[PDB]
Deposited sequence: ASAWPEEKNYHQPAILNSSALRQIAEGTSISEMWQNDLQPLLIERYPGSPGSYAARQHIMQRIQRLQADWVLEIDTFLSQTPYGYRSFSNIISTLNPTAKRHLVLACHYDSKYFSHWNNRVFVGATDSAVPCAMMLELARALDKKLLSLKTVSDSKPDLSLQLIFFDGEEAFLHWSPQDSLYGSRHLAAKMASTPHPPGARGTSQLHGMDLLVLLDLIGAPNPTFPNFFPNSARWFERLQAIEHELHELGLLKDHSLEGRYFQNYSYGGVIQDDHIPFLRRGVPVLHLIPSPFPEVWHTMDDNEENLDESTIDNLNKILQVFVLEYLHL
């Protein structure tokens, strides 16, 4: 084998100080994200649609314009759906693709198809336009610091296609993109030339954002083998609050709760979990009240919650990568 795959286990953050924290909090811009990253994704974008091509062009253009040297790949493939064989396209965004280890942030960019009841269209605002915009705003806000990337450890973004069921949530009608990509990565040697390690060995931590943007979210701590990382989020939130850097935020209504959970919730991280990759699943439970209705729209999102989570996520990635 090789030794580097085990560094994720012992990896520790480079904790940030009061001054840096202020600089992060100030460096992220909620209304720039809103106008430039989010609003254009608030469109119907089910697999194959016009909006899907549009959302993919948007995500890629917004990344390609940054200073950091992001290598974009599209994992396009065909899969059997209840409505025939269809085309799906995962978007992968990697700094230092030959970097042995990556922290991986992920979300899905497709929206669920609903027929247009009452003359309205499902735009999946929490599900997951806001998580996509959060990733793009992260890449923008952190861009100056990501430059530094030129431990062999870097950053990857994954925007999964076809997370949603076409008809009803089941094993063969859901997770089209993550199931394909996990299998692709599993059989691909990493770094190249390697004999016993795959791109999955290189995934330090898979952080999956889903269903983000409603007010008062509460995020359970889901799995045994990722909890110190969850604990870091709890700490970052605490410190950001104490330093007075969150908005409309009370410590009683903390997002990250050391409340444990019964069932896992099925999502794009499952085909990676099944292959033994560590996962931080940032999905709230209860799901937003608007979940899978036409009310999951822009007007029901909460500015301050998203701003706060953005601040917290950007800190977390700065600490994990030692930047």
(message) No C-alpha coordinates means not modelled. Give me those stretches of the deposited sequence in order.
(response) 151-156
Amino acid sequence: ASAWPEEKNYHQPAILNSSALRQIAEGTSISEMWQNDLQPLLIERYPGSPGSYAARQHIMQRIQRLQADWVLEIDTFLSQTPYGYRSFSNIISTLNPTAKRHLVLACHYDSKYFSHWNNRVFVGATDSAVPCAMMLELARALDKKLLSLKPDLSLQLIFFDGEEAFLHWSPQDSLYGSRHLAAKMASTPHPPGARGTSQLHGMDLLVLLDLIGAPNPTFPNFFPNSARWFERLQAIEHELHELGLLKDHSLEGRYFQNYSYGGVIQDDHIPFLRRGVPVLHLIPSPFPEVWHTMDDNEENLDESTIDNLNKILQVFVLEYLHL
From here on, numbers count along this sequence of modelled residues.
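Think of the rigid core as the biggest set of C-alphas that the two forms share within 1.5 Å after superposition.
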(request) Going by root mean square C-alpha distance after a core fit, say whether 113-121 or 244-252 is farther from the shown form in 6 other deposited structures of this protein. (result) 113-121
(request) Could you tell me which of the two stretches, 102-110 or 151-159, has its Cα atoms lying farther from the shown structure in 6 other deposited structures of this protein after fitting on the rigid core? (result) 151-159
(request) Take the C-alpha B-factors listed in the entry for 257-265 and for 290-298, compute each mean, and give the stretch with the larger one. (result) 257-265
(request) Higher average CA B factor in the deposited record is what I'm after, so tell me if that's 299-307 or 16-24. (result) 16-24
(request) Using the entry's values, work out which of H201, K112, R179, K150 has the largest Cα B factor. (result) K150
(message) Quiz for you: based on the deposited Cα B-factor, which of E239, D161, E137, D127 is highest?
(response) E239
(message) How does the C-alpha B factor of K144 compare with the rest of the chain: lowest, middle or highest third?
(response) highest
(request) Classify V121 as lowest, middle or highest third according to the C-alpha B-factor given in the PDB entry, relative to its own chain. (result) middle
(message) Please place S174 in the lowest, middle or highest third of its chain according to the CA B-factor in the PDB entry.
(response) lowest
(message) When the deposited Cα B-factors of this chain's modelled residues are ordered and cut into thirds, is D210 in the lowest, the middle or the highest one?
(response) lowest
(message) Taking only the Cα B-factors deposited for this chain, tell me whether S250 sits in the lowest, middle or highest third.
(response) highest
